[PDB]
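# Coordinate inspection notes
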Amino acid sequence: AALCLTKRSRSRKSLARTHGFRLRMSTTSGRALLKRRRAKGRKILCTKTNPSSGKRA
Amino acid sequence: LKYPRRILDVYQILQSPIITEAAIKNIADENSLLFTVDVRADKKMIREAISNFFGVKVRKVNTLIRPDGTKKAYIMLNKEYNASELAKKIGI
Amino acid sequence: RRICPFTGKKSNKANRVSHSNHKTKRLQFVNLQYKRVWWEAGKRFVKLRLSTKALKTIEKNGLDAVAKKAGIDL
Amino acid sequence: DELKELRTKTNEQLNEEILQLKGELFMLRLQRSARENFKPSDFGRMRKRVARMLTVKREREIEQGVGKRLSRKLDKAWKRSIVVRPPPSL
Amino acid sequence: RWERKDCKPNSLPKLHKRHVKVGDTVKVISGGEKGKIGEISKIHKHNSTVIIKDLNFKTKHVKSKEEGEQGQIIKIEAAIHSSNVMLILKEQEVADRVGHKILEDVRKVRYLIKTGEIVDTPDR
RNA sequence: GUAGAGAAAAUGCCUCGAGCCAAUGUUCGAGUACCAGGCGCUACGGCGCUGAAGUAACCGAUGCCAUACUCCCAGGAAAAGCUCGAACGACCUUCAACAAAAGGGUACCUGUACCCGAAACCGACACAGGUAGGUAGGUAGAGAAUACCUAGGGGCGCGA
RNA sequence: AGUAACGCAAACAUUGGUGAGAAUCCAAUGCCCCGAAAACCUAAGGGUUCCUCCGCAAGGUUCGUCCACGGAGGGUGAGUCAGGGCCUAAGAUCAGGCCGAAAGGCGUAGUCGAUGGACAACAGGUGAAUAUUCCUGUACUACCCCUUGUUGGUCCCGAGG
RNA sequence: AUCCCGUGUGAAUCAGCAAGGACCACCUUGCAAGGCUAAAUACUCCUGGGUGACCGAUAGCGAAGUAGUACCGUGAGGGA
RNA sequence: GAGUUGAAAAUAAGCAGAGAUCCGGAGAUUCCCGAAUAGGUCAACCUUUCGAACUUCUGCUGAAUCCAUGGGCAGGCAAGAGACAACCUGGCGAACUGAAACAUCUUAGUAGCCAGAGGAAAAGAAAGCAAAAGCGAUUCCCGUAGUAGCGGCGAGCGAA
């Protein structure tokens, strides 16, 4: 049994659907979230992955 | 009608050669030589921008994305054409 | 929606006063109702959804008047 | 020192002159690897000349009358079909 | 050092504007080496700093080569501010304030206010 | 085959009809490489040339025939590819497809490094924790335990 | 308070190196430990840590020439391996449709969604970092090109599987 | 009382109808169930001009340099 | 009106009085995601016959009764779809609180959320107010008035 550690090596793709920008926008509430994350002025306003290669060194 | 996998302008397809000692070894080794292509390139649009800019028929285009974003294209020229003597007019 | 095509008869916002004078909220809404009135100009029925007041009105005033005053048919 | 010639060129000569410009620019980029360094003097000019050609063509397109959307579509029907040619220099 | 970078209206640094021009024959007005003629050679137009030749004496030191060889000292002539230079002509050897005229042609030129000489002179 | 029209679905007759099923097997692939061992160089790695034998008996699988088979009740996913043809549907050897030379040429994007029973992943630490799956050798053993060892890897990062 | 500690009771020892500096780096020789692993791959995750050459300020519970730390260059090549270009399950989104202060809820054909089904590559070399990707040899699949023929198509469709 | 709404009945129009704080008379005002219309008016992420018994480096914007940054959380979000 | 190729210094060649750098009015280009719009999608990607759905316009014209229709099909054009600091209108609309507890009431129709639109919006030209005297569409400030009044006639609310 793993110690009360909440996050495990779950797939990035699986995570993206739950909090993906595409997913975030469809809900009426989700579009609202973007409103705020832009009015504050954040830059990385999601956690996503990309179907090519989710990294640039 | 036939279109290219994408509209990259063709000329913009190749950017610069690679002057590393390893690429020199490949020129002198396989009838290959290395290019550095922008990311939206193919084996069609690179395979058809050397057979129509150097006048040399090409055999393979093994291209690879590179860990920082740009792309890098080993091209194997068909044996009848020889690598180094072609690169000499290019300056390598 | 629960809105009569032929009159903007909405539900009513009304609190139901109790006997101790305790006011709940109790949204109160029209008896608009499924029927199928016989549109003469096509010799044919149409299925509508009608606040009874508007039903009385079509009869008193005919149908097509109600129609253009709301612009509904077809 | 200004180019009062592009406005004299018709469409065709203008066009092939564009392609030839981009070619000779390909070669200039190519020279950087083997460091023949006249480029800074006359690299940007090449680059900064194709723009003139494009600008002239659009104005011409404009008097004649085409929407930006239409022009964009026209450009794509031309970008799509073009074959790389060796530069005139050999 | 951020407190002193060139100031930028939307991608550019403001250029100020100074009366002095390259090739000008100036007298140092006040600062330090007061009263010494000179020929400006190089105008930094964003700070209004102007190096006139052979006046300002800065004794620097330069590590020359990659093995510590040489490194013999150079003596550079550094800036002086623009509000400290007036104009002189050898004929009216005297400081003055600049001015302007529109001569008989279209063009418009300097004109030393206390004398009759013309600062602009020929085009070259 | 024929009977209710192609195609199975159902009917009956019948077929030099008795063999069909599948891992192993043979040959080529490999008259080849590969190789223990030889003789020189060497800033002691490296390379150079040569290079013999390359076979049988045992035991054995937690691979393979294999959704063989038997037995059970609790009765075990779908849709494309793929094979047969009716309103032999728009279209028709000009745009078509098949035996076919298994003849000649061409062959699209994305990942690939490195860790991965982890000092770099998740526990805030270069954390005596945790993390799906794969390979599975010798002696003793019933055994993937245990004990001592090959292959490989390490001696745990304060010492006296 | 220079006090507890220095992260398990696998175990280090030597000679000789490099260097201004060695218990701590390198190479030997020996001892020892795991070996259903303290081995070799691989999904996920990380995301530049990999390699080479300099560096030692801070980091390493000591030291340091050494590092997974700093600096500069370099590196990961597929018709066949994995995914997409094929299919669909759970689920999701659902035109139209219905319902509802608004947002939106239920819902059909469709469209996505693989952890599943269709589908074609192995051995040996090379090399500082890649190799079922590069090289050698032998294979396989799909689409054209050539020949003879039949002229009859491909879809929607109804069936096997 | 006037004023708009849910349910059901459901007038007259000018020798009429509504209001004048239940209602009734007389008088007085206005005449519904159709629509449009500028100004004076409230506001500040802002721009230009000016002013400050406002701050001046844990103050003033959270932010006087890659400040919604580093970092933390799966996420909303927090935040030097 | 001279020197210049953004921040910091070179670097490399350039450009400019046959107006360079630069400052204005109007233009042109404006890769990819994003209303996102060719179709899918883990955003900045893949497959693409190269290009949404809603109105609108022009043509084909289901169903039943070839009626009439609407729906469908196509070629059209190019207008709606997103964004917002606060102010505004509309819909839904709390609670802690005050009442020295608390159910009527008060915080309050405030906060918040959703939906529109504007530089302002909403309101507005009398079936009004008045009072035996007169006014004359709305909207704000002063003041009447913390008065009249309402109110478990309690806390408090409070016009014209």
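Residues numbered from 1 in each chain as written, not as in the entry; some residues may be left out. Chains lettered and ligands numbered in written order. Part of a larger assembly, values for the part shown. Heavy atoms only, no water.

Method of determination for the deposited model, per the PDB record: cryo-EM, at 3.5 Å resolution.

Summing up its helical and strand segments, chain B has three helices and four strands in all. In chain B, the succession of helices and strands from N to C terminus is β-α-β-α-β-β-α. For 92 residues, the compact-globule estimate of 2.2 N^0.38 gives 12 Å, and chain B sits close to it at 13 Å. For chain B, the spread of C-alpha atoms along the principal axes amounts to about 40 × 30 × 20 Å. Looking at chain B as a whole, 39% of its 92 residues qualify as buried. Of the contacts formed within chain B by residues at least 6 apart in sequence, a portion of 56% connects residues at least 24 apart. About 5,500 Å² of surface is accessible on chain B, with carbon and sulfur atoms providing 52% of the total. Computing the positive centroid from 17 side-chain charges and the negative centroid from 10, chain B places the two 5 Å apart. (Helix = DSSP H or I, 4+ residues; strand = E, 2+ residues; numbered from the N terminus. Rg over C-alpha atoms; globule rule 2.2 N^0.38 Å. Buried < 20%, exposed > 50% of the residue type's maximum accessible area, 1.4 Å probe, protein only. Contact = heavy atoms within 4.5 Å. Areas by Shrake-Rupley, 256 points an atom, 1.4 Å probe, with all protein chains shown as cover. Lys, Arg positive; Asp, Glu negative; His and termini not counted. Charge placed at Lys NZ, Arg CZ, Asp CG, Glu CD.)

Interfaces are often sized by the accessible area lost when the parts come together. Counting from both sides, the interface comprises 19 residues of chain D and, opposite them, 18 residues of chain B. A per-residue breakdown of the area chain D buries against chain B is headed by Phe26, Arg80 and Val84 of chain D, which together make up 36% of the total. Our count for the chain D to chain B interface comes out at two salt bridges. In this structure, the salt-bridge partner of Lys79 of chain D is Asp9 of chain B, at a minimum N-O distance of 2.9 Å. At the junction of chain D and chain B, the tally comes to six residue pairs in polar contact. Only α1 (11-33) and α4 (68-79) of chain D provide two or more residues apiece to the side of chain D that touches chain B. Looking at which element gives the most residues to the side of chain D that touches chain B, the answer is α1 of chain D, with eight residues. A per-class count over the side of chain D that touches chain B returns eleven nonpolar, two polar and six charged. (Buried area = accessible area lost by both parts, 1.4 Å probe. Salt bridge = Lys/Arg side-chain N within 4 Å of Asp/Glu carboxyl O. Polar contact = N/O pair within 3.5 Å; in protein donor to acceptor, adjacent residues only side chain to side chain. Nonpolar A, V, L, I, M, F, W, Y, C, P; charged D, E, K, R; others polar.)

Further remarks concern the packing of aromatic side chains. Going through the model one piece at a time under the given rule, you end up with three aromatic pairs over all chains. One aromatic cluster is present, built from ring pairs that chain together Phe35, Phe53 and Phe54 of chain B together with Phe26 of chain D. Cation over ring: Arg36 of chain C sits above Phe45 of chain C, and NZ or CZ is 5.3 Å from the ring centre. One residue, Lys75 of chain E, lies across the ring of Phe57 of chain E, its end atom 3.5 Å from the ring centre. (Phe/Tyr/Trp six-rings, centres within 6.5 Å; stacked < 30°, edge-to-face > 60°. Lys NZ or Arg CZ within 6 Å of the ring centre and 35° of its normal.)

Attention now moves to the sheet that holds strand β1 (residues 14-17) of chain B. All names here are of chain B. Taking strand neighbours across the sheet as the criterion, the four strands line up as β1-β2-β4-β3 in an open arrangement whose pairing is antiparallel. With partners counted over all chains shown, the strands left at the sheet margins are β1 and β3 (58-65), one partner each. Taking the axes of each pair of neighbouring strands and ignoring which way they run, one obtains an average angle of 30° across the sheet. Across three bridges, the pairing between β1 and strand β2 (residues 32-37) is antiparallel. Opposite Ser16, over in β2, you have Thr36 as the bridge partner. (Pairing = 2+ DSSP bridges. Axes fitted to C-alpha atoms, helices over the stretch in contact; angles between N-to-C directions.)

All right, on to a nonpolar patch on the surface then. Side chains of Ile19, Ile24 and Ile92 of chain B sit close together on the surface and give an oily, nonpolar patch of about 250 Å² of accessible area. Summarising the element assignment, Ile92 of chain B is placed in the segment after α3 (83-90). (Patch = residues over 30% accessible without salt bridge, like charges linked within 9 Å, V, L, I, M, F, W, Y side chains within 5 Å.)

All names here are of chain E. With a phi angle near 65°, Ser48 is a residue other than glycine that sits in the positive phi range. With respect to the helices and strands, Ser48 occurs in the loop between β2 (37-44) and β3 (49-52). Judged by relative accessible area, which is 8%, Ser48 ranks as buried. The phi torsion at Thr121 lies on the positive side, around 60°, for a residue other than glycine. Mapping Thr121 onto the fold places it in the segment after β9 (108-109). Taking the relative accessible area as the measure of exposure, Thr121 reaches 48% and is therefore partly exposed.

Our focus in this paragraph is the protein's contact with RNA strand H. As a matter of local geometry, RNA strand H sits amid 22 residues, with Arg36, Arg37 and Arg42 of chain A together with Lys9 and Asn12 of chain C nearest to it. Across the atoms of RNA strand H situated within 4 Å of the protein, the share located in sugar and phosphate is 64%. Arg36 of chain A is positioned such that a nitrogen or oxygen atom in its side chain is 2.5 Å from a phosphate oxygen of RNA strand H. Contacts to RNA strand H include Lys9 of chain C, whose side-chain N or O atom sits 2.7 Å from a phosphate oxygen. Elements supplying a minimum of two residues to the surface near RNA strand H: α3 (28-40) of chain A together with α1 (52-61) of chain C. No other element matches the four residues that α3 of chain A contributes to the surface near RNA strand H. Classifying every residue of the surface near RNA strand H by side-chain character gives four nonpolar, eight polar and ten charged. (Near = heavy atom within 4 Å.)

With respect to spatial proximity, 43 residues lie near RNA strand I, and among them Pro40, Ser41 and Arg72 of chain D together with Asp6 and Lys108 of chain E are the closest. Taken together, the sugar and phosphate atoms account for 78% of what RNA strand I places within 4 Å of the protein. Measuring from a sugar or linking oxygen of RNA strand I, one finds a side-chain N or O atom of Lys45 of chain E at 3.5 Å. At the level of secondary structure, the elements contributing two or more residues to the surface near RNA strand I comprise α1 (12-19) and α2 (21-26) of chain A together with α2 (39-42), α3 (44-64) and α4 of chain D. Among the residues forming the surface near RNA strand I, the class breakdown is twelve nonpolar, eight polar and 23 charged.

Residue and element names in this part refer to chain D. In the contact formed by α1 and α3, the axes pass within 10 Å of each other and the chain directions differ by 160°. Considering their axes alone, α1 and α3 lie roughly antiparallel with respect to each other. The crossing of α1 and α3 is left-handed. Together, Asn11, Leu14, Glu17, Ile18, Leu21, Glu24, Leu25 and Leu28 of α1 and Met46, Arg47, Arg49, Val50, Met53, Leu54 and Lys57 of α3 make up the contact between the two elements. In terms of residue class, the contact of α1 with α3 is made up of nine nonpolar, one polar and five charged. (Parallel < 35°, antiparallel > 145°, perpendicular 65-115°, else oblique. Left-handed = near helix turned anticlockwise from the far one by under 90°.)

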